[PDB]
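The structure appears below as structure tokens.
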Amino acid sequence: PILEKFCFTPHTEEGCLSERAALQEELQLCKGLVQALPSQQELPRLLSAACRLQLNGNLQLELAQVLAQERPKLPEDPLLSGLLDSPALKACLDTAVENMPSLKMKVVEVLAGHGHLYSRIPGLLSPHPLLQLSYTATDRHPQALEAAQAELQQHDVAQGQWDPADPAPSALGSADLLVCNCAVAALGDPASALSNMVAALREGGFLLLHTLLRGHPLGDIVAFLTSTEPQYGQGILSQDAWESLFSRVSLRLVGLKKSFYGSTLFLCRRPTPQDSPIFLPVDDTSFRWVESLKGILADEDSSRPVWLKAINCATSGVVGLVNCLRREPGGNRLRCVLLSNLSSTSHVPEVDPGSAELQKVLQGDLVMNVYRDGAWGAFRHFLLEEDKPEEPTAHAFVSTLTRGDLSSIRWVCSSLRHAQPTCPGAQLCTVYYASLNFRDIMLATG
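Taken in order, the sequence shown gives residues 1112 to 1148, 1173 to 1581; the numbers are from PDB author numbering.
Here is the structure:
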């Protein structure tokens, strides 16, 4: 079985990966080498080699090229690929998937040679039971990405030749989602690349971009390095600079995930032709609104979006209702807004049409919009850890979890946590030494 959890994910998370200790240690090591101009990780090795040849006046060429760094192992560096090892990417992909008119998704990756997202996106979408995916990889040059062709073959991916600098070939054409991985792959120019990409992106589609923000410690540290390649320095920009650049191409930002060390994951959506939006309160306990909604949905000719909003109660089930309706004919127009606050102290915002919050969510134009304790996000699914939980106990017993395999023997909690000492027939006794008989070996062996 596919075991998951169903929690509430804000569309904007900052300081995402603070919990991890290894990332902080890597950051401390990296700045330490930077200070005054040591680990198996590739990026610290590169920094150490750069500082090794000269303490002052380091040559750009010597640090640019060195043994053990020519390989595209920079993405493998935990600091650089931190966000793609966390559930932020899963949340972004799920948000992209949900706001799709149909059940099929068209995802095209730019600079697939270095981005390496081709080996992580396809697996993350396996849990969805009905979704059908069309992943296509692309690179500036053919020979690039020629390696790992078996990896591309084991999944279903399509080769390409597009260089984001030039207009996208019509073969890719309009696409549901675009992924770049600007952290490692080199972008020729921000404005030109984004213009070509937004041109490629279909209407209402999404663009997911991973980049290392400038102005943050790791951003500056990488900026000093790679100085030989001006392109790689073009991808590194400022958060406000990125936001401004987005406004130029009339591409709107729906979500953003910011690592504690600077990395960020921009999710953007292509605006759609404006239409007058319908509204229908769904908090009436008499379910009289069902007739109202049934009346609206009947006129399939109309293309006016429907915005089912409930603000009176925090236990409304608008989420399931919109999830199920969207499959039904005419469901593409349905959209939701729920105010589900769990803390009584939290103030309830105003959802009146004049208010700003409704305007911002409408500009976002997402199917799900759930407000809980000062955040706007949607409930999302994640895989849960594989370990069997363990708790400190005074009563436990040994058991072969998988019959026949002695390797599966482990301690488990025992019913004896609940017992009565008064009864003489109980005589619950502690155990200091337990013997093993032939019968026990026969049982464990199966």
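Idealized CB from N, CA, C, for every residue including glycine.
- Residue pairing by DSSP places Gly1370 opposite no residue, since no beta bridge is assigned to it.
- Under a 10 Å Cβ-count criterion, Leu1536 is classified as exposed, with fewer than 16 other Cβ atoms of the shown protein chains found around its own Cβ.
- Cβ-Cβ distances below 8 angstroms link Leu1493 to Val1472, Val1486, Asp1487 in the same chain, with the five nearest sequence neighbours on each side left out; the list follows chain order.
- Nearest to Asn1331 by C-alpha distance, out of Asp1355, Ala1358, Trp1297, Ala1321, is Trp1297.
- Around the beta carbon of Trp1511, 16 or more other beta carbons lie within 10 angstroms, which makes this residue buried.
- When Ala1328, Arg1337, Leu1322, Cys1317 are compared, the shortest CA-CA separation from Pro1302 is found for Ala1328.
- Around the beta carbon of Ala1318, 16 or more other beta carbons lie within 10 angstroms, which makes this residue buried.
- Contact between the region 1174-1187 and the region 1552-1561 is absent: fewer than three C-beta pairs spanning the two stretches fall below 8 angstroms.
- The three-state secondary structure of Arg1515, taken from DSSP, is strand.
- According to the DSSP secondary-structure assignment, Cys1141 is paired through a beta bridge with no residue.
- Relative to the Cα of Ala1282, the nearest Cα in the group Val1502, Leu1400, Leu1134, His1249 belongs to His1249.
- Looking at the DSSP output, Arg1545 shares a beta bridge with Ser1534.
- Residue nearest to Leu1477 within the set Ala1449, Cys1459, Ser1570, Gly1455 is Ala1449 (criterion: CA-CA distance).
- With a threshold of 16 other beta carbon atoms within 10 Å, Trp1377 meets it and is buried.
- Rounded to whole angstroms, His1351 and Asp1436 show a C-alpha spacing of 51 angstroms.
- Note that the region 1300-1314 does not touch the region 1350-1366; fewer than 3 beta-carbon pairs, one per stretch, sit closer than 8 angstroms.
- If you draw a straight line from the Cα of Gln1146 to the Cα of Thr1346, it comes to about 24 angstroms.
- Rounded to whole angstroms, the gap between the alpha carbons of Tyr1253 and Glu1244 is 8 angstroms.
- Here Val1483 is exposed. Its C-beta has fewer than 16 other C-beta atoms within 10 Å.
- Excluding sequence positions up to five before and after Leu1265, its CB lies within less than 7 angstroms of the CB of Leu1238, all in the same chain and listed in chain order.
- Under the 10 Å beta carbon count, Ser1216 is surrounded by 16 or more other beta carbons and is classified as buried.
- When secondary structure is reduced to three states using DSSP, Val1314 falls in the strand class.
- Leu1196 is not bridged by DSSP to any residue.
- For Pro1352, the enclosing alpha helix (DSSP H) covers residues 1352-1359.
- Look at the region 1454-1536 and you find these whole runs of alpha helix (DSSP H), each 4 residues long or longer: 1491-1499.
- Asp1419 counts as exposed, since fewer than 16 other C-beta atoms from the protein chains shown sit within 10 angstroms of its C-beta.
- Take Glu1124, set aside five residues on each side of it, and the residues of its chain with a beta-carbon closer than 6 angstroms to its own are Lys1392, in chain order.
- In the DSSP assignment, no residue is bridged to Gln1562.
- Per the DSSP secondary-structure output, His1345 pairs in a beta bridge with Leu1400.
- Collapsing the DSSP output to three states places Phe1422 in coil.
- A straight-line Cα-Cα distance of about 8 angstroms links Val1453 and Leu1443.
- In the DSSP assignment, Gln1267 falls within the unbroken beta strand (DSSP E) covering 1267-1271.
- The Cβ atoms of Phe1119 and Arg1507 sit closer than 8 angstroms to each other.
- In the DSSP assignment, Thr1123 is bridged to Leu1391.
- In summary, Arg1423 is exposed, with fewer than 16 beta-carbon neighbours lying within 10 Å of its beta-carbon over all protein chains present.
- For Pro1416, the uninterrupted beta strand (DSSP E) segment begins and ends at 1413-1416.
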